Each structure stands twice: as C-alpha cells, then as structure tokens.
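> Take this structure first; my questions come after.
Virtual Cβ from ideal backbone geometry, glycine too; neighbours counted across all protein chains shown. What follows draws every value from the coordinates through simple rules; no lab data is involved.
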RNA sequence: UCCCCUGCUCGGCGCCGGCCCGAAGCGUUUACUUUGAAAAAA
RNA sequence: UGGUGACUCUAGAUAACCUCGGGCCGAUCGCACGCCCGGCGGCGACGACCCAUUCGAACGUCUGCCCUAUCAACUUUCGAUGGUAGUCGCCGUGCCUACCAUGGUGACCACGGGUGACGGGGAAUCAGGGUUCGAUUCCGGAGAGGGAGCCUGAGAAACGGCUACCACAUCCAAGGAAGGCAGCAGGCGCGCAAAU
RNA sequence: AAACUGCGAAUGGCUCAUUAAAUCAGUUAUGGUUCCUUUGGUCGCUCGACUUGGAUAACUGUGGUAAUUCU
C-alpha cells in the first residue's frame, strides 16, 4: 500500500492556504501520480480535491522515498487569486495564448514603424 | 557610471541578509529610506526567509500590497522597503508582532513580542537643530524629525517615542553605568554596561563597555546605543541576552542539547 | 555574470618518482590485498592522510592553553574516533602521527562487506556492492568507497529488493524458469 | 496644532528656566558659603 | 607568580575648617614590542 | 537661544534689495457617505519653495606600483613655483585672466623612452624564504572607428541621442537619402586558438 | 485601440585600445559643493472665484517625392 506523512505543517491566515512537506512512501511500486496525493490529501483533511495543489516530487535514491510540497486552500476563488498561472494550466483551469516571442516582437516592431490608427491593421 | 546604481549582485550583499549563491544572480536592492543600504533588512527577504510566508518574489509582493504589513504602525506597499533597527513589524491578520534586534552574533532574528509593547519605539538622536524661529529639533537615527523637544535632550542620547502620537514620552541620558548595546562592527548585539569613555579631539571617541559576565570590550561612539537606565532594559531582550558566548561553551551547549534530544 | 560555482579541487597527487620498484611493489600489494581498482584511489587515500597529518603537525606546533588549538584538535580527534580509525584509549593529538594507510583502507565499505561475513571474496564483495544489493540503515548504496562509521557498523544487510536478502528473483532465474515451463508445458 | 504645541513648549521652557535659575542661585549661595567658610 | 620605590585647580566609598579616593586642563621627542577599534563578499 | 577641538556655525535685531529669460504661498483627481440650523465634515492619489535623511557623485590628505643611464639635469612671459585682485565654475584651486618675485624637482633616480601594462580582491608552484600570472563572472576606472562640439534632463560631453572631419561603405528615376554588433545569435578575415 | 501628458531610457550587457604616483587599494575631510526618488518636518506664520484664456493632438478630408519611424 501507499501512505503519506506530513512534515513542517503550518497555516497561513494572511494568504489563505496551508504549507506542508509530503513524504510519500511507496515501497516496491513506482512513483505515484499526483492525483493520488491529491485525493489522499482530500480524504485526509476532509476537503474537496479541487483545492489541493501539489508539486516538486523528487524520488530519492533507494526506491520508495519521495519528497514533495503541497498547498491546501480553503476556497476555489481564493486559490484562483494567489497562484501562478502554470499550476492552474496543469489542473486544466487556465489556458494560455499560443503565440511565440519572435512573432510578438516582430509585430511590435512593425507597429512601431507606422503611426496613427494604422497600428491596428498593420499587425492583423 | 553616469548616474546612480539600480542593481545589486548576490555576493555583494551583506552577510546578515545571509543568502545563498545558486538561487539567483541579483540581490534585492532596497529602496532609499530611513536607514542606510548596509544595516537594513528588506521586507521581501524577511517575509521570504525568516517567516517562510512565501516561496517566490511574487507571493511576497501580493502579501505586501494586500495591506497586511504594518511598519511602525503604518502600511507599506514597497516590497524592498528598508526595515531598520528597532522597527516594529506588525501583521494585523495573524495577530503577531515583531521587533528587529540583533542577537549575540551579527544577524537579525525574529522576536515575537506583545502588542502593547509595540506602542512605543526607542531611537537615538544624531544632532541638535534650531529652526527658523528658534524651534529646537531632534534628528533621530531613523530620520524622524521632532519639533519642540525637551531642553535636556543631548546630542548622543536616546528617547522613547509613541507610534500613534509621534511625540516624545521619556528619555535616557548617556551616562556611565547605563545599560548599552552595540549596533555595529565586530562587536554586534552584545549587552553591556558603560564603564569608561575617553575623548579624542578631532577623532572618534572610543568607549569602554563591560559585559554582564565580567567581560570587557571597546567600540567607537557611533556604534553605541543605550537601551536602559542602570542595568534594567526598557525592551524585552532576545534569547541569549546578548552575552556573546565563545566557541567552547556553545559547543558544550550543542552537545548537551544533542544528548538530551537524542 | 552567471550563477554557477566554479569550485573544485584535485583529490589525489602524482608521485615524484615514476619508476621505483619498492613503491610499485607496495602499491600493488595494497591494491591486491584491499581490493582496489587502480593507483588513483590509493593515491587519494595517501593525499587525505597527508592533509590530516599536516593539519595535526600545524596544530601541534602551537603551545597548549590555546582555544583554537584545543577546539580544532578536539574536533579532529572526535571526527577520527567517529569514523573508526582510532579509539577512546588513544585520545591524544600527538597519536595522530602513528596512523597508516591500512587503518583508513580497513574502514572502506568493500572490506567491511567482505569481512562482516556475507561475501566470499573481496572482489565478490565489490561486485555485490556495485549491483545494488548492500544497504546501510534502509538506504541502497551502490559504491564501494563508502567510509562507514562506528554507529552504522551493525546495520549492513542486503536490500529488500535483492534476491539474497529476500525478494523477487533475478533475470537469469526467471528466464530459466520460463524456459523450463515452456519445455515441460 | 502649531498653537498648542508652541504653548506646551513655552510651559516646559519656563519650568526648565526656573529650575536653571534656582540651580544657579543655590550655586552662588554655595560659593558664598565656601568663601565665608 | 603577588603590591611598591611623574606635579598642581574642580570635586565622592567616607569621618568630626583637619585626611585618602575621583576629575575639565598639560607633562622631551622616534623606531621596536604587546593590546583594542574599524578594515565588503566569494 | 543651541552645538563643535575649533566659524565669517545656527538662531536674533536694524536698513534695503527682491531679476518680467519672473522662488514659494494647491483654478488637480477617485471611493464612501453625512451631522447640526446655506455653512461644517473623515480616508487617499498627484504636485510643491525650503531643511534633514537615503542612493550617491565630485574634488582633496598620508602611504604603497614593471624595465631602462646607449636618457644627467628637467620646467618657465605658449603658467613652470608662489603672492594679490577678479572672470568662470555647484564649490577650494594658475582652472584662467591683469600685475608682481624668480622660483619648483633631481643620485633617496626627477625628467625622457619602452611595456606582448587596465588596478585590486585573487591563481599555480610551494619545508622555510621566494618566482610567475591576473583580458576573464565581485569592486573601481576607460571607450563605443578615432578626434571635436552640444540639446534635453537631478543625473551624459550619452553614441540601440544629435551636429561637422577623415578612412571605409548602402539605395538612387543621380536631384538626394539613410549608418556605425568592443550587446544576443550569425558571417568574413586573422590565425595553433574558441559553440545554437 | 489611438493620441496628448508624466516617468524611465544615465540601469543592465560587452571589451581592455589609451593610461606607470595616472588608475587602484587601505586611512581620512567636505567646518570647501550638488543630490531623482523614499522617510520625517514645514505647507490660515505674508496685512494687500460655487472655477479664468486660446492653441495643438487623436479624428475627418485634400496631396507631392522612386525612396525614410519623411511631412
């Protein structure tokens, strides 16, 4: 079976989340996927698993020790407020515009070459 | 250079900021403030390292401008504000207050304090200033100008001010036998009693301060701050009581703690 | 202005005499007896012993009742008796100069796995270490140059995933059993 | 605020000047006493 | 190992104008020697 | 009045000045709403003459650098040394003008020349003493082909700002126009020598 | 969106050509000067309209040069 243990647990009233360090013990099996830690923390702290953010899981040498972090929020919109965008992209909550940097820089320069209202139609 | 600097490297930072090398290239350069660039502590480095309330440089920015940090009773929005010496950092959300006091070594440490002690602040005057119509003035070490002070305030003595009213409550005269605490140099944070002071004209007047365990040390006059009248301090001193214990007995204390803890 | 380290040091040293018969004979005797691989490992053992001896000589140069000498000597002596090269009886600063190469090479992991009583030969012990079998205090160690301490001496055992200590069978056993089941069924 | 702070400083300066005057008076009396004795 | 073989004007461990102590003021100059401060990090 | 080791310090008083290329003394903005018989109000943003404070910058004091004598005297009414009075400069000062006196440095190595010389923290070798390197991630200085001049701005003699010269060089319907990778990639040459 | 206004472009990055008491290093002084911004003070301290004036943007429209972040 797979069990986890918390470490360095603390609460943050001024940022509306809780920090912890997760020590995953999986002898024999491989590293468990992050949805397992999310649902285990959901049924451990009696919380809906939509506010469980875990990352930074590195497997130790020896086959069975895994150290990672975990954020336990108290709300979904509060988790939407103070969070980097890539974690919300990982949970399928946020989407990014798919434009490379070279096109944006060239479009900025082409808009810089012309004045007036024509900046709207020089860069599509 | 053709103008003022705006960047700061990680290895050019002071040791009491007390960072690492593999994390980044640049250090948080503090904005201009009441205290100088060297013996100040930015709010970002305090909230990110000493309290671990944030992981990156953006979460601490969100904390700083969500109006939850009270510096000297006032809210500060700047992330690189220099939080200087005897500055009261208060958070009204978690209900914990802090005061920045040097420990036995040369660093700042967290010091959780009672809220009612946060109502007053100690500061040391730098010079005596007469105003444009004979108004006496005080310039403290944190550049807090005070109009119409007591006439017995000297040039190198400390005063006790209130955070709300802003006026002076009481003062301590710089005299032999008062409790002292150094604020710079090799001796840093040591709690001592003033015993001797020799004067050198046109130079720096070195004073002699005696530690509470009989030890003796001497520093310059500019690195001298008075905290109490006699031997009883006016503020709550941190752990170790500014004793500056040497290597052998702290090794003994560490091995005793390791034996008892296991 | 990048964020790197650029800190490194050589751990061995090359001798002044490239061809000396007695030196080569002694080095090859050490390699054969203690199960080494080449001359660089015995040279690095000689180098760290030379650093320890030089530090002990520089400490013994100064007079007594010195806090720096007392602190550094006590720290060095406590580290050496923690490693397992000395004992509590010879707890002196001037007894450091009587230490030799085989006192350091006795504390190697390969020799301790060989002489603890779970390997046939020292080369078999090194092969068994290098293939992830021997663990110390629930930690799989796959390197022979692991200087064990005195408090971690009685915790040398096969790993839980190794067939020697109780675990799943290896690749040859499973393939041979599959061949036997295929031939007999 | 300017008016009340100036009045408070005037009161404090009057008290300090009275204390300095009586200190100088008793020092003059001590000087006369040591001159006589 | 322990203390001793540079002078006079303001004033405090004290006793009843008399005694010890402190001190605003200065003492033939150099090197050498020992202590103390301050002397950025890596 | 107050302070320094020390003022021609700060403050006080008297008599005036107070630049039209003009010192200040608010004709600015948001949210929440209002009490007392139209007046009277809390919390912020921006701007502001001056004085401290913070990041500085600038000119100064003492001491410390490689080789060379086939360099033994150097500088001076074209300021070299000092005095005085001024112009300019943000300030002291031959920084520069006007008048004076002949001063100033040198075997304890000035002056002249060379360097395959940016200085320092440092690096290699290393018993003890030394020798060689440091263009190179941190500090300071200098430049953006090389000289010269300048606008704006608190802060530049700035070059991913401007104006002319010389050398090289792009488009040109030949009248004209636009430039400076010792920034990141890349190319040529130079080479024993260095990546998307 | 655009444009007027304010702020920043003087920071960062690259190189070692010039430079041999020059640069730089330690110690000192500005009582011989300036200082954007932040912080604190001053901002009814002067004895004599319940909100003034016309210009330019952006925009609309008319063009020239073969050409420019041109007008």
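> So for the stretch B:31-41 (the condition being more than 18 Å from residue B:98 (Cα to Cα), more than 16 Å from RNA strand E (Cβ to nearest atom), more than 14 Å from chain A (Cβ to nearest Cβ) and surrounded by fewer than 18 Cβ atoms within 10 Å (Cβ to Cβ)), does at least one residue qualify?
Yes, because at least one residue in the stretch B:31-41 is more than 18 Å from residue B:98 (Cα to Cα), more than 16 Å from RNA strand E (Cβ to nearest atom), more than 14 Å from chain A (Cβ to nearest Cβ) and surrounded by fewer than 18 Cβ atoms within 10 Å (Cβ to Cβ).
> Check residue B:114 against each of (1) more than 12 Å from RNA strand G (Cβ to nearest atom); (2) within 26 Å of residue A:16 (Cβ to Cβ) and name the one condition it does not meet.
(2)
> Okay, moving on. In the stretch B:238-262, which residues are part of a loop (DSSP other than H, G, I, E, B) and closer than 16 Å to residue B:213 by Cα?
B:239, B:240, B:241, B:242, B:243, B:244, B:245, B:246
> Could you tell me whether any residue of the stretch B:182-201 is under 20 Å from residue B:117 (Cα atoms) and in a loop (DSSP other than H, G, I, E, B)?
Looking for residues that are under 20 Å from residue B:117 (Cα atoms) and in a loop (DSSP other than H, G, I, E, B), one finds none in the stretch B:182-201, hence no.
> Same structure, new question: On the given criteria, is residue A:42 farther than 30 Å from residue C:140 by Cα and in contact (Cβ under 8 Å) with a residue 60 or more places away in the chain?
no
> List, please: which pairs have Cβ atoms under 6 Å, are six or more places apart or on different chains, and start with a residue in the stretch A:1-15 that is away from chain B (no Cβ under 13 Å) and end with one that is assigned to a loop (DSSP other than H, G, I, E, B)?
Here the result reads A:2/A:26; A:2/A:32, each pair linking the stretch A:1-15 to a residue that is assigned to a loop (DSSP other than H, G, I, E, B).
> Inspect the stretch A:15-29 for any residue being more than 25 Å from residue C:132 (Cβ to Cβ) and not in a strand (DSSP E or B) and give the result as yes or no.
yes
> Output the residue which, of all residues in the stretch B:2-27 that are closer than 16 Å to residue B:55 by Cα and surrounded by 12 or more Cβ atoms within 10 Å (Cβ to Cβ), is nearest to the chain's Cα centre (by Cα).
Going through the qualifying residues, I end up with B:19.
> Residue by residue through the stretch C:117-141, note down the ones that are touching a strand residue (DSSP E or B) at 6+ places or on another chain (Cβ under 7 Å), more than 28 Å from residue C:52 (Cα to Cα) and not in a loop (DSSP other than H, G, I, E, B).
Residues satisfying the conditions are C:128, C:134, C:135.
> Just to verify a result, which residue in the stretch B:218-235, among those that are away from RNA strand F (no atom under 16 Å from the Cβ), in contact with a strand residue (DSSP E or B) (Cβ under 6 Å, 6 or more places away or on another chain) and in contact (Cβ under 8 Å) with a residue 24 or more places away in the chain, is nearest to the other protein chains (Cβ to nearest Cβ)?
B:229
> Further question: Scan (1) more than 16 Å from RNA strand E (Cβ to nearest atom); (2) at positive phi; (3) in contact (Cβ under 8 Å) with a residue 60 or more places away in the chain for the single condition residue B:18 breaks and write down its number.
(1)
> Kindly indicate the residue of the stretch B:224-234 that is surrounded by 16 or more Cβ atoms within 10 Å (Cβ to Cβ) and not in a strand (DSSP E or B) and also nearest to RNA strand E (Cβ to nearest atom) among those meeting that condition.
Only one residue fits best here, namely B:227.
> Taking only the stretch D:12-37 into account, find how many residues are more than 11 Å from every other protein chain (Cβ to nearest Cβ) and either closer than 29 Å to residue B:146 by Cα or within 16 Å of RNA strand G (Cβ to nearest atom) (or both).
Counting residues in the stretch D:12-37 that are more than 11 Å from every other protein chain (Cβ to nearest Cβ) and either closer than 29 Å to residue B:146 by Cα or within 16 Å of RNA strand G (Cβ to nearest atom) (or both) gives 4.
> Determine, yes or no, whether residue B:125 is buried (at least 16 other Cβ atoms within 10 Å of the Cβ), more than 14 Å from every other protein chain (Cβ to nearest Cβ), more than 16 Å from RNA strand G (Cβ to nearest atom) and closer than 19 Å to residue B:226 by Cα.
The answer is no for residue B:125.
> Find the residue count for the stretch C:142-164, including only residues that are within 14 Å of chain A (Cβ to nearest Cβ) and part of a loop (DSSP other than H, G, I, E, B).
Residues that pass the stated criteria total 7.
> Right, something else. Can you name every residue in the stretch B:42-58 that is in a helix (DSSP H, G or I) and more than 10 Å from chain A (Cβ to nearest Cβ)?
Passing the criteria: B:43, B:44, B:45, B:46, B:48, B:49, B:50.
> I would also like to ask the following. Only one of (1) surrounded by 17 or more Cβ atoms within 10 Å (Cβ to Cβ); (2) more than 15 Å from the chain's Cα centre (by Cα) is not met by residue B:87, so which one is it?
The failed condition is (2).
> I'm told residue B:218 meets every condition in (1) exposed (fewer than 12 other Cβ atoms within 10 Å of the Cβ); (2) under 22 Å from the mean Cα position of the chain (by Cα); (3) farther than 30 Å from residue B:112 by Cβ except one. Can you identify the failing condition by its number?
Single failed check for residue B:218: (1).
> Would you mind stating whether residue B:171 is away from RNA strand G (no atom under 16 Å from the Cβ) and either within 14 Å of chain D (Cβ to nearest Cβ) or more than 26 Å from residue B:103 (Cβ to Cβ) (or both)?
The answer is yes for residue B:171.
> When only residues in the stretch B:182-211 that are under 23 Å from the mean Cα position of the chain (by Cα) and exposed (fewer than 14 other Cβ atoms within 10 Å of the Cβ) count, which is farthest from RNA strand F (Cβ to nearest atom)?
B:186
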